[PDB]
Structures are given as structure tokens and as C-alpha cells.
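Asker: Just passing along the structure, written as C-alpha cells.
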Amino acid sequence: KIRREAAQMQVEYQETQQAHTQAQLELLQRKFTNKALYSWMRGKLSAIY
Amino acid sequence: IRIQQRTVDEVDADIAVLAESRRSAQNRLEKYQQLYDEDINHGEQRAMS
């Protein structure tokens, strides 16, 4: 039964792993330099060039 | 770290298992030794005589 508890807390460990990887993804999308800025870059540079 | 603490709990639970294994096995040991070294009792030598 202590082994079972250890397995369950391993499950919650990896669940927290998924949680903070999702947090990493969302903060990366919330960063300043992003897809909208880079699309502005590409479009303006293409036309003016 | 919590996982491996639980693992240490597993291993020392196992060594407690083996300690009471010693208790039971040694109990068997003295029972069998008492049976063997006493061998044949005065009632049986009385019957034989």
C-alpha cells in the first residue's frame, strides 16, 4: 500500500509536469516578440523591399 | 525526493517483513529441535519394556 501511495504521487508529479509545461507554452505565446510581430515584420519588409 | 523517501519506506518495510520472518522461522527451529533431541519419551520406553 505504501508502494501504491508512491505510484499515485508519481502520477501527481507527472501531472504537475504537464501543468507547468502547459504554463510554459502559454507564457511563450504571451511573450512580447511573437507571431503577430513577426508577420508585421515579413509583410512590411516584403512590400517595402 | 518524496518518491525515493517512499522507496526507503518500502525497503525498510521489507526488512521488517524479514525480521518477523526470522521470528516465525526461529520459532519453527526451536520447536523442531525440541522434538528431535527429546526423541522418545518415558511412556514409549515403558511400552517397549
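Residue numbering restarts at 1 for every chain of the C-alpha cells, chains are lettered A, B, ... in their displayed order, and ligands are numbered from 1 as they appear.
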As number ranges by chain, could you give me every residue of chain A near chain B (at most 10 Å apart, counting only C-alpha atoms)?
Answerer: A: 1-10, 13
Asker: Using Å and a single decimal, report how far atom CA of residue A:41 sits from atom CA of residue A:24.
Answerer: 24.7 Å
Asker: Can you tell me how far atom CA of residue A:16 sits from atom CA of residue A:33, in Å to one decimal?
Answerer: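 If I compute the distance from atom CA of residue A:16 to atom CA of residue A:33, I get 27.3 Å.
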